[PDB]
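Below is one structure, written out as structure tokens, with a few remarks after it.
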Ligand SMILES: Nc1ncnc2c1ncn2[C@@H]1O[C@H](COP(=O)(O)OP(=O)(O)O)[C@@H](O)[C@H]1O
Ligand SMILES: Nc1ncnc2c1ncn2[C@@H]1O[C@H](COP(=O)(O)OP(=O)(O)O)[C@@H](O)[C@H]1O
Ligand SMILES: Nc1ncnc2c1ncn2[C@@H]1O[C@H](COP(=O)(O)OP(=O)(O)O)[C@@H](O)[C@H]1O
Ligand SMILES: Nc1ncnc2c1ncn2[C@@H]1O[C@H](COP(=O)(O)OP(=O)(O)O)[C@@H](O)[C@H]1O
Ligand code: BEF
Ligand code: BEF
Ligand code: BEF
Ligand SMILES: [Mg+2]
Ligand SMILES: [Mg+2]
Ligand SMILES: [Mg+2]
């Protein structure tokens, strides 16, 4: 078709946030449950 | 050894990285897949500016250091090599696959076991297509010419060339017919000089039934054009690889001159010797001379007076096309002339160009020679240099159609037939291979969806329609309304992709996946 | 000494440099002379952004190292000091003069002899104006108010304020009448608080017949407004410079406490001591307290219960305006109260402001006090800070009109009358002073011409018209159609510049010239 | 229908991460326990779960694996709300 | 030469550009933070770990560093608008900037003097601003109707922010919280207290007023029919202001006397207070161990440290008066309420007063799942409390959702019929820029803005002057019919505060930066 | 169609900017002059042009201001190509210059 373009695109900022954010709940995943292991900081 | 400056990756991260790196290469070129696609300005570190919707070309130019990308660089490349049209797409499909593969991994699946899953589901799709495809060669002769064209056209819709896609298409169709035979089915691209120069618009891009080359025509006084020389069989021309200069050894020299005796004989030796050649060619009975190497001031003038237009210095591939174009023989010495080894061309003119002091020349033939010269023109370099690669793209899809008259209707539908068929076999799979098959087919869906995204259609929407319609009726070919027009059905719409290529593509991606996945260990060092 | 890092200039170059440097400073501000002028964003090295058509202000802000410019910086400044309106123009005239002076120099004239030429031709113009000028004070009372205004207005046309120039003008007219007397003819600007805050537009800039100050009104419970306290003579208010806290020495302390005896007496000492003050003010019979320094928690509460709104801490100039505004006396100790030294103001309210948690307060009076407070408002800082200086400009032209009711019609015509008269005396001069007089008058012509340039009129054109018309009729006042309207004649148009200022201006430039020209030697060093 | 269904569908699919990572940490076969638990959930109900002890899927209420109902309530309540104030971010300018 | 050492000059063409670009740039930063379908921007200061997400225009602009005058001018205009009305912070920059954009057009490619572009604008503004007043209906009278009016303002002034979700909820809170004052336009009377945990929909306005700081050493954990003495007086070593009083004795015993002597002053003052007959004594100041012990043993509850604002709040819910002189009970309005019970807000001690004498001071408790959500819901609310707080001090109202400005457009686009030559163009441009607001509004939502606004303008063109943009069906429905009212002061402020911006800038023909230090 | 039209109108618009820029340099109120010109060529004539001296709009064929057809045809062409090749760009990549 031929209608509204969205010249703008910081679409990427969202996926970027999600990925740079999901990487957090990653380091954690390992410590869930009676088989979860502790972290040493 | 060299312990420092050496990093290591392995799964937790690693796989994410790679998968993401692919995905990202993709995100750039996805906006270039479609007849609504867009090009990308790439700049050489030297400063060379290019502009092109061609997949391979883009990813080759992106000077990039990520190892996985380096791989997709070749993925689009290899495909360009084997077919000539996949490029932009092969990577898309590949990435989608990876994202998909990864997704499963965080659910407890083995990377290598997903691999085998994909390879399998793939082989299936290849088949479900190899069965639904249609044939052209074996159906008609005037319709073969048409279908063969209706592909070249579809193959150009995603290029700046699109503007005048009628001509550029019928040009590519022709250019190939004229240098490959229905039996050998071999298109040797050395028999097709893809030469382009600036000027006019891309519209003034014609096809030459001979060759071009750049020459001032030896002596200025010489004529500009060349008639078939009264009632003769067209024009005859000399095709010699011997210099119009006094013959010399090839081992030593030192022609010792004891006295005025011999120097007196050399004197008159070179003198009439120039007549020994100028005569020689006249004898074979030719109109114009095309010599590989230059002539002397004397020898040139003679070629003038004797109405023998000349062509000083003509490269290998050059001289050679002038032969095959005009049906002649490449004559060594001078005495090896003869009216029967000449070139039976149909005309020769010195072509003018705006006010450009260059002003090359041309050699026509009227009847389809065994050499074509797609001579591309444009308002500016980039338009040309792109339009040439755009022409090339089509010329390739025309070659693939003789090497395999099989055709599949693209518009995304070709990829929907797989996704549909492959997903069916998923339910029967169950267990682990179920996730793989679902995945493979699922990645595929991104191809049409992306087309919808670029043509302005809701992805999930066009997909459900394309899937339903291509099921509620027959696992046929119902594509995306990429441009509009009535409705789907690439057939009516005349959207066609050569099968042979499509297979290659839907393989090259799964295979490339199958490699990356097997990588669970990485070790990079620096540049000491 | 210090031979190095020390340069020297002298005539060949030198004079060019200086002359040009002036000229260039000029070229910037010329585009700001006129009711069609434009402002200039200046930025402090700290980061402070200002925007203003004011001459002096601009050239003060241009952090500049050229010595001659440094001089024009003060030239516009000094004039601002003495009048308050010249600024933008005084420099223009000065530069023009210099260019002119220079021009002659390359024809063999002595710099110092041109000087005396200019000083002379000048003195003449000053006279030819001092004669053609008109008078206001000695003519009427309602017309004085009008003329005095018709100047303030003309004085504002080249400012952002222009928008609402009706109000800003009648405001400046008033603000001065109310603090200077027809006899002394002295406007002390300490009697006019030029305070401005943000909000609304510049339109919501009113004039306050009292003062403002920022106060929460001591105790929160306190009322917000203050009535004239039933049938009384307006409101009465305490004006004390003594703190509502237990009195203390001013030399030492060490109130030695031998035993519970005396500590028992101090105990009840501070206690009722707070009543000794709270009572004291009640006795003088006042409504509200305006104390220079803060009060204690106790003393405050009491002021509450006793319906005594309070004003903790009020600056010098602050407390002082509250006196002169309300006709009161600045009372030292507490016992020095009395119903006859109070402040007979007409109202007091705690003024709200948008949602700004600040929320200052005000003290009105109804009848024209001996203190005005032009309270400026605007949509953004810069508009305010400019509008305040814009207000100031007019307030000054109103002060100059009482100090010399003489008026000349500007619009450039005022400068044309000189150029005309001064040029006449040129023909009689002959010889060297002829070139000077011609020059002086010629530089002058740039003033109106520049107005034409900015209002979009051909310079040479408007000049010939302004000159012819102001000669073919009478060496009167025919100005430039700066805005349009019917035609020239600043009189009808109501364009007026106070004479007193105009003289100063047309002097300050010639004098400054007279200095620069005498400089034939320069010696600059660096910053070791 | 349409949009709302796909959204919900994924959200439902999301929650399965808790059992998947649970099962994963146990070294158990996620995909196995997932499904074995989905089906066993088709008949059984809010009791059929993973138990590291039993190393498979059994009743997690009878195995005394009790979890305060509030915990899971303000777990999804918070997470689900969080994403919203994240998905709302459409640009990021560094600003000091 | 002249000038020097890094000073930079921008003449005509240059200056004008610097300016235009700046403003246009600023505007194009906050265009997304408008419209009910608008988005938030995340930012982070000198601490890095000090992020924040927001849809408040003025917020973003206030933070974002800039070197460009013209931009700072716009930033600043935002803080102003943010002051006198608490809202429109975005709508103003945008309309301000778009007007400049529309101007460089009339200059760079039409060749019109900026002063004449001002001439036109100044007129267009008159007409525009006018049509507003001339079309703004109010409900000052009928207090039972203006409640419905006022609640709509919050309803819509809250869309676009996170709260747009449970907007209806906060709608009431705001309304009620303002009404519970009905007077003081100073919002410092409403205390907002936030704490993580659970949905925003869990936020509430304790009509009984909550307070932090627990009372007494271990006093009654709940008062009954409380009679409180709200006071602010020195409660750790007196002698108020006699400073210089030394205690020279000739023996430790004479010290021991004077020592218990001081500790007596406390039992004295503490007594003069007990004489006030109260079951609760709140002091702004503190109250050390001993002066407290007294109370713990008299039953009077000691709730110390509530600063200045902390008392004023209590003194408005309970109805008491500050006081610091107990030199005589009575003549001191004592405050009262039904209960002063201690409650717990997610891991925290608080004092839920109840049934106070018409609380003209309230507490709103905000509940979000992350500090980000709170801090934004914080102002996202303030953007409501501020308008409403003003509309009670300006009952006039007008319909937004495009409508308002679109009306001012048809106004200006009309008065541009009687005009001179060039000026007209600036005038037409004004209405044009104004029209860009509903455009940018619809844009963010995702419709073919061009097409939608042209439909809108068409209704408002041909009568109606009520239609607006339903940014959901993407149609153009009746705003008065949809409760999308907006404060008149607000819109009038934008159309004004912006025009000023424009004029101050169009008038610039040079920029000079000095040698920054 | 709908949107397309707009680009079309824009073309003629840009084209019109040529006489504008032409008149601009001369020093006339270009906006005003070109609008006069376009008005004649609008309402028939197709011959009037800009006398960049009286600042009026006189007849060009009447004033010997002919131009090669190849020239103008070239401009209107060579430019449109420029446009298309650029509008089609949705990314730019500079490599590590050496
Ligand atoms: N006996 C168990 N068998 C299987 N799951 C259990 C068992 N006991 C507790 N768990 C799981 O352990 C999970 C994670 O706990 P933990 O790692 O401590 O993180 P948190 O408790 O903070 O979620 C709980 O959600 C619960 O489902
Ligand atoms: N005219 C069209 N209508 C529908 N589909 C088309 C059309 N033109 C090309 N396509 C789709 O786009 C694909 C080509 O993408 P393109 O952008 O040309 O990159 P490449 O061809 O290099 O992969 C075709 O194979 C087909 O799937
Ligand atoms: N309204 C006007 N019409 C004609 N001349 C005016 C008008 N307004 C100001 N002028 C001229 O411009 C001069 C003021 O210039 P301005 O730009 O205000 O700088 P300054 O007043 O600081 O020199 C007046 O003295 C007069 O010569
Ligand atoms: N429900 C809605 N439907 C259409 N327009 C609305 C709606 N709610 C508020 N608006 C519009 O939102 C605009 C204000 O956007 P906002 O992001 O709140 O910026 P500001 O900071 O100016 O409030 C106003 O023009 C108002 O008319
Ligand atoms: F875009 Be492809 F190379 F046809
Ligand atoms: F421009 Be001036 F200072 F009146
Ligand atoms: F962004 Be606004 F203040 F609603
Ligand atoms: Mg292709
Ligand atoms: Mg002035
Ligand atoms: Mg708002």
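Chains as they are written, first to last, in the deposited numbering: chain X, 8 to 48; chain F, 1033 to 1560; chain Z, 33 to 560; chain B, 433 to 528; chain L, 4 to 520; chain P, 1423 to 1520. Just so it is clear, CB atoms sit at the ideal spot from N, CA and C, and this is done for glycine as well.
Item checked: Pair within 9 Å by beta-carbon distance, residue 521(B) and residue 56(L) -> Yes, these two residues count as a Cβ contact at 9 Å.
Margin query: For chain B, check one thing: does any of its Cβ atoms lie closer than 9 Å to the Cβ of residue 27(L)?
Written below: At a cut-off of 9 Å between beta-carbon atoms, residue 27(L) makes no contact with chain B.
Checklist line | Proximal residues, the segment 328-356 of chain Z versus chain L, C-beta separation under 8 Å | finding: Cβ contacts with chain L come from 328, 329, 330, 332, 333, 334, 336, 337.
Margin query: Let me see if you follow: with CB-CB separation under 9 Å, is residue 17(L) close to chain Z or not?
Written below: For residue 17(L), the nearest beta carbon of chain Z is not closer than 9 Å to its own beta carbon.
Check: Which one of 1359(F), 1341(F), 1292(F), 1239(F) has the shortest CA to CA distance from residue 1253(F)?
Finding: Comparing Cα positions, the closest option is 1341(F).
Note to self: Counting only C-beta atoms, is residue 466(L) closer than 9 Å to chain X at any point?
What the structure shows: With 9 Å as the cut-off, residue 466(L) does not count as an interface residue toward chain X.
Item checked: Local conformation of residue 1502(F) per DSSP, three classes -> Under the three-state reduction of DSSP, residue 1502(F) is assigned to coil, being neither helix nor strand.
Note to self: Since residue 283(L) and residue 304(L) should fall inside the 8 Å C-beta cutoff, what is the C-beta to C-beta distance between them, to a whole number of angstroms?
What the structure shows: At roughly 5 Å, the Cβ-Cβ gap stays under 8 Å, so residue 283(L) and residue 304(L) are in contact.
Check: Is the closest heavy atom of ligand 4 to the C-beta of residue 157(L) under 8 Å?
Finding: Distances from the CB of residue 157(L) to the heavy atoms of ligand 4 are all 8 Å or more.
Notebook entry, point to check: Whose Cβ in chain B lies nearer than 8 Å to the Cβ of residue 1139(F)?
Noted result: Result: 452, 462, 463, 466.
Next item on the list: Assign residue 60(L) to buried or exposed, taking buried as 16 or more other Cβ atoms, counted over all protein chains shown, within 10 Å of its Cβ.
Entry: Here residue 60(L) is buried, its C-beta having at least 16 other C-beta atoms within 10 Å.
Notebook entry, point to check: Under a three-way DSSP split, which group does residue 344(L) fall into?
Noted result: When DSSP states are grouped into helix, strand and coil, residue 344(L) belongs to the strand group.
Notebook entry, point to check: For residue 134(L), which residues from the same chain have a beta carbon less than 7 Å from its beta carbon, with the 5 sequence-adjacent residues on both sides left out?
Noted result: Cβ neighbours of residue 134(L) beyond the five flanking positions: 410, 411, 414.
Note to self: Quick check on the DSSP output: the alpha helix (DSSP H) that includes residue 409(L) runs from which residue to which?
What the structure shows: First-last of the alpha helix (DSSP H) with residue 409(L): 406-418.
Margin query: Suppose you measure from the CA of residue 163(L) to the CA of residue 1448(P); what does that come to, to the nearest Å?
Written below: Those two C-alpha atoms are separated by around 51 Å.
Notebook entry, point to check: Tell me which same chain residues have a C-beta within less than 6 Å of the C-beta of residue 1277(F), skipping the five on either side of it?
Noted result: Only 1328 meet the Cβ criterion.
Check: Is residue 178(L) near ligand 10, judged by its Cβ being under 8 Å from some heavy atom?
Finding: It does not: the Cβ of residue 178(L) is nowhere closer than 8 Å to a heavy atom of ligand 10.
Checklist line | Opening and closing residue of the beta strand (DSSP E) in which residue 365(L) lies | finding: Per DSSP, the continuous beta strand (DSSP E) segment holding residue 365(L) begins and ends at 365-369.
Notebook entry, point to check: Are the C-beta of residue 1451(P) and some C-beta of chain L separated by less than 9 Å?
Noted result: Between residue 1451(P) and chain L, the shortest Cβ-Cβ separation is below 9 Å.
Note to self: I want to check one thing, is the minimum distance from the CB of residue 1386(F) to the heavy atoms of ligand 5 below 8 Å?
What the structure shows: Distances taken from the Cβ of residue 1386(F) to the heavy atoms of ligand 5 include none shorter than 8 Å.
Checklist line | Under 9 Å between C-beta atoms of residue 356(Z) and residue 380(Z) | finding: No, the pair does not count as a contact, with Cβ atoms beyond the cut-off.
Check: Taking Cβ positions only, does residue 34(X) come closer than 9 Å to chain B?
Finding: Against chain B, the CB of residue 34(X) has no partner CB under 9 Å away; the residue lies outside that interface.
Checklist line | Sub-9 Å separation of residue 594(Z) and residue 449(Z) beta-carbons | finding: With chain Z running from 33 to 560 in the structure shown, residue 594(Z) is simply not present.
Next item on the list: Spell out whether any CB of chain P is found under 9 Å from the CB atom of residue 1070(F).
Entry: Interface residue, yes.
Item checked: Inter-stretch contact at 8 Å, needing at least 3 Cβ pairs: the segment 1115-1124 of chain F / the segment 1093-1103 of chain F -> Contact between the segment 1115-1124 of chain F and the segment 1093-1103 of chain F is absent, with fewer than three C-beta pairs closer than 8 Å.
Notebook entry, point to check: For a contact meaning CB atoms closer than 8 Å, what does residue 1144(F) contact in chain B?
Noted result: The premise fails here: residue 1144(F) is roughly 15 Å from chain B at the closest Cβ pair, so nothing lies under 8 Å.
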